[PDB]
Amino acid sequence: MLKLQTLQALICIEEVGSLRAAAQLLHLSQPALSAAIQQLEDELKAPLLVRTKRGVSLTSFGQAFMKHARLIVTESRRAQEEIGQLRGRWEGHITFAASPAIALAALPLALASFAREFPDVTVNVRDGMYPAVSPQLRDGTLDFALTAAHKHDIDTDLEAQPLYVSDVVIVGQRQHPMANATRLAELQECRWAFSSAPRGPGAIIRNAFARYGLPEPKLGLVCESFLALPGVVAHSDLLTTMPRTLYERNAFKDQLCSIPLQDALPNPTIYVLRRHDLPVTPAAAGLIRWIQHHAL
């Protein structure tokens, strides 16, 4: 029998006056309790109980022992209570960062399903991209981050699981002079709104121009805000690069076109990043599952 059950039973025995009554009250087997008490007495090398006409009383030894037994039972209960309070607070909240692509399609659908499964959980969704999320992830504030990244850039102490392989698209105002272009070379005369990338503003288009043997793309402006980007492009002759999800889901869709080139652009891999050592709550694990699920 578990020692704690045996101590709890002993406290009950003192209270109700009988080993048989204690076992029944606590839903323990009588023979198992009687054996467990005997085993404990053999270990202590003294009897804890003496028979009387109508039950058992504690012996002098059991009296002394009981003072400790009560402290041990209370302490076990308090420990369970403190841990429950601390685990409840840990398990009851999620803080993570999400990139625009996740934020715009999967995240909305994932949160509703997540909430049905984990009704008692608060979510704190931050705007975030690597490597800005790297240090927030590193101290413990962020439970995980969801972002495009180049696998070989990710800090060695971070775990990384592929979430979805994304699309990027070149976007301009709906009547842009270069809308019919099929080659990146045909865009050399255009000016660019450099957008946010893990490798810095304009990293994608600059890398594209480079691998195609073109000069540096002409900087029109730097727009780190994906929120602002579609509107800014819609009201200019600037071209930009954005996640396909943002092109599909923005307030200026009717004022914009994509320029589908026969030249290839990257398909950024979006990763779930966590600190490797950290243990993961049920809810955080469930949310990731739900986000995975809706990232078809």
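So that there is no doubt, residue numbering starts at 1 and follows the sequence shown.
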Next item on the list: Please work out which of 246 to 254 and 64 to 72 has the higher mean CA B-factor as recorded in the PDB entry.
Entry: 246 to 254
Notebook entry, point to check: Out of 277 to 285 and 11 to 19, which one has CA B-factors that are higher on average in the deposited record?
Noted result: 277 to 285
Check: Which has the highest CA B-factor per the PDB entry: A181, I205, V121, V169?
Finding: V121
Item checked: Out of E186, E216, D155, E224, residue topping the C-alpha B-factor column of the entry -> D155
Next item on the list: Tell me, lowest, middle or highest third: where does the Cα B factor of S99 rank within its chain?
Entry: highest
Next item on the list: Sort the modelled residues of this chain by their C-alpha B factor and say whether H93 lands in the lowest, middle or highest third.
Entry: middle
Checklist line | Where the record places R211 (Cα B-factor, split into thirds across the chain) | finding: lowest
Checklist line | Chain-relative CA temperature factor third for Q5 | finding: middle
Note to self: How does the C-alpha B factor of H176 compare with the rest of the chain: lowest, middle or highest third?
What the structure shows: lowest
